[PDB]
Amino acid sequence: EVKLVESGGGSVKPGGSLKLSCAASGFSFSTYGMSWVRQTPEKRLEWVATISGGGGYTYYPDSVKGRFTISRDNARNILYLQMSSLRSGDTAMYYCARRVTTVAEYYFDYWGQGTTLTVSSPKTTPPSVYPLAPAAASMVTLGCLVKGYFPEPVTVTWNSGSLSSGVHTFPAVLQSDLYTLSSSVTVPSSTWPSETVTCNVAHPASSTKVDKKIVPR
Amino acid sequence: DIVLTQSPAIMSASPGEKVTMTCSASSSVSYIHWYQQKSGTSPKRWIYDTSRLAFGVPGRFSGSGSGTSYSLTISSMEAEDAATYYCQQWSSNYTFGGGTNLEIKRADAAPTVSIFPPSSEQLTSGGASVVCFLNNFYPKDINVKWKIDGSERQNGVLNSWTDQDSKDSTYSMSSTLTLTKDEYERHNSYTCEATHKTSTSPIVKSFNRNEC
């Protein structure tokens, strides 16, 4: 099967340099042109580079021309995106895409899974987890407020996977250049508080995992 | 310098109905192509050139257009289709449209509201967050007002919205009011209330601080 699998990225201070790579599988690399495309957190799609089948030609949009360089090595079936003098506008998830020829144009057939690139100057901060128990019916909604964390991907696992089917997770909204999210879970009254409910927050950017037994007020 | 604006940004269809989203260009264009993007996964190939379907896509999809106004049409809607559909041009600068959020439409649901006093843990730190969960409702457009001691507030409310549930096809919303410890203990009766095109009068949920 055609595979596109991209590597590199993360959190860089503005002004840093970086390099992204993407690895190809299950199709003849040299015979296709390869591009990168970025998507803003707000689900915005922007084309950023293109290389030809050989070396031949490169092409660039006018939002990065001068800072980015796109490269292939057809000995290994891998693209390269070096990005120099990164600024705040460069935050996005970056995909590598194959370009195929059509009747009179081109078209992006397969896209990899993207890596994420957060350009910013703030520290990496672990999250503060607070239990959300009530201060009267036959089903209980508990929660966990996960507050003040910087690098955005967090994870909330409830009783270690068990209660997935009744869990709402709410996208992290930014303010104070910290991220704040919430997660709710639902549970038959026969389950709580007779048995432990514990939400579990892990923050890979800091290697911090916190646990919180929801106990009743 | 060549913009595509895609016409209905959000759209709700029920299964069995026709769906037409549009992509209109700032100047004349030879062809336009469409991609599909579901939550958590990259865009996938959907329609290329104008009317040419990709191998995977069902036969109830369809494409057309010429010049400045092209359009993707769905013959009969099925719930498996809900995703964001982008267009893209290839004549000048490789520009993507803004997408069209395709939603499943179901019978309306009023939320299941739950209010939570700040934790004994946060308060000892200098802060107090009051949190409200409105759970499993449709449609999505809601208003939520928090009234403290009978008056109202909008400072420091953070409002978050799930993506549509893959089973009951609802939405969930959180609402968090971030006070200070001293600001929190200045009042007594914190109330969140939800207004919605289901119930006529709001769904109120309340607690009192000088109680615990």
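Every number in this text was worked out from the coordinates using simple rules, so none of it is lab data. With ideal geometry, Cβ positions are generated from the backbone for all residues, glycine too; neighbour counts draw on all protein chains shown.
Evaluate the following for B:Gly40: is it on the phi > 0 side of the Ramachandran plot and either crowded, with 19+ Cβ neighbours inside 10 Å or within 14 Å of chain A (Cβ to nearest Cβ) (or both)?
It is true that B:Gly40 is on the phi > 0 side of the Ramachandran plot and either crowded, with 19+ Cβ neighbours inside 10 Å or within 14 Å of chain A (Cβ to nearest Cβ) (or both).
Residue check: is A:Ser11 outside any loop (DSSP other than H, G, I, E, B) and exposed (fewer than 14 other Cβ atoms within 10 Å of the Cβ)? The answer is no for A:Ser11. Can you tell me which condition B:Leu4 does not meet? The list is (1) crowded, with 19+ Cβ neighbours inside 10 Å; (2) closer than 23 Å to B:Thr162 by Cα, and all the others hold. Failing condition for B:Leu4: (2).
Of all the listed residues (A:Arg38, A:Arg76), the sole one being exposed (fewer than 15 other Cβ atoms within 10 Å of the Cβ) and out of contact with any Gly (no Cβ under 7 Å at 6 or more places or on another chain) is A:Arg76.
Out of the residues in segment A:155-189 that are assigned to a loop (DSSP other than H, G, I, E, B) and not aliphatic (A, V, I, L, M), which is farthest from the chain's Cα centre (by Cα)?
First pass over segment A:155-189, keeping only residues assigned to a loop (DSSP other than H, G, I, E, B): A:159-163, A:175-178, A:189.
Adding the requirement that they be not aliphatic (A, V, I, L, M) leaves A:159-162, A:175-177, A:189.
Numbers: A:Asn159: 24, A:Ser160: 22, A:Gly161: 21, A:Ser162: 25, A:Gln175: 19, A:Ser176: 20, A:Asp177: 17, A:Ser189: 36 Å.
Ranking the qualifying residues of segment A:155-189, first place goes to A:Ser189.
So for segment A:127-139 (the condition being out of contact with any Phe, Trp or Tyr (no Cβ under 9 Å at 6 or more places or on another chain) and hydroxyl-bearing (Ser, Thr, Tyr)), does at least one residue qualify? The answer is yes, given that some residue of segment A:127-139 is out of contact with any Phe, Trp or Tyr (no Cβ under 9 Å at 6 or more places or on another chain) and hydroxyl-bearing (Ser, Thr, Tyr).
Are there any strands (runs of 3 or more DSSP E) wholly within segment B:100-208 with 2 or more residues that are surrounded by 16 or more Cβ atoms within 10 Å (Cβ to Cβ) and under 16 Å from the mean Cα position of the chain (by Cα), and if so which? Please lay out each step first, then the result.
On the way: elements: B:100-104, B:112-116, B:127-137, B:143-148, B:157-161, B:171-180, B:189-195, B:203-208.
Output list reads B:100-104, B:127-137, B:157-161, B:171-180.
Of all the numbered requirements in (1) closer than 29 Å to A:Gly10 by Cα; (2) out of contact with any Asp or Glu (no Cβ under 7 Å at 6 or more places or on another chain); (3) crowded, with 22+ Cβ neighbours inside 10 Å, A:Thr124 misses one, and that requirement is (3).
On the stretch given as segment A:44-62, residues that are within 14 Å of chain B (Cβ to nearest Cβ), outside any strand (DSSP E or B) and either in contact with a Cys (Cβ under 7 Å, 6 or more places away or on another chain) or surrounded by fewer than 14 Cβ atoms within 10 Å (Cβ to Cβ) (or both) total 1. Being charged (D, E, K, R) and away from every other protein chain (no Cβ under 11 Å) is a property that B:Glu121 lacks.
I need a count of the residues in segment A:101-121 that are hydrophobic (A, V, I, L, M, F, W, C), surrounded by 15 or more Cβ atoms within 10 Å (Cβ to Cβ) and closer than 29 Å to B:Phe55 by Cα. Final tally of qualifying residues: 2. Return the total of residues in segment B:13-23 being crowded, with 17+ Cβ neighbours inside 10 Å, more than 15 Å from B:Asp49 (Cα to Cα) and not aliphatic (A, V, I, L, M). Within segment B:13-23, residues that are crowded, with 17+ Cβ neighbours inside 10 Å, more than 15 Å from B:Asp49 (Cα to Cα) and not aliphatic (A, V, I, L, M) number 1.
Of the strands (runs of 3 or more DSSP E) lying entirely inside segment A:72-140, the ones with 2 or more residues being facing another protein chain (nearest Cβ under 10 Å) are found at A:92-101, A:106-111, A:128-132. Among the residues of segment B:70-99, those identified as out of contact with any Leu (no Cβ under 8 Å at 6 or more places or on another chain) and part of a strand (DSSP E or B) are B:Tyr70, B:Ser71, B:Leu72, B:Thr73, B:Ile74. Across segment A:198-217, the number of residues qualifying as surrounded by 15 or more Cβ atoms within 10 Å (Cβ to Cβ) and within 14 Å of another protein chain (Cβ to nearest Cβ) comes to 5.
Within the set B:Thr84, B:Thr100, B:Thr22, the sole residue that is β-branched (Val, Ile, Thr) and within 11 Å of chain A (Cβ to nearest Cβ) turns out to be B:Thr84.
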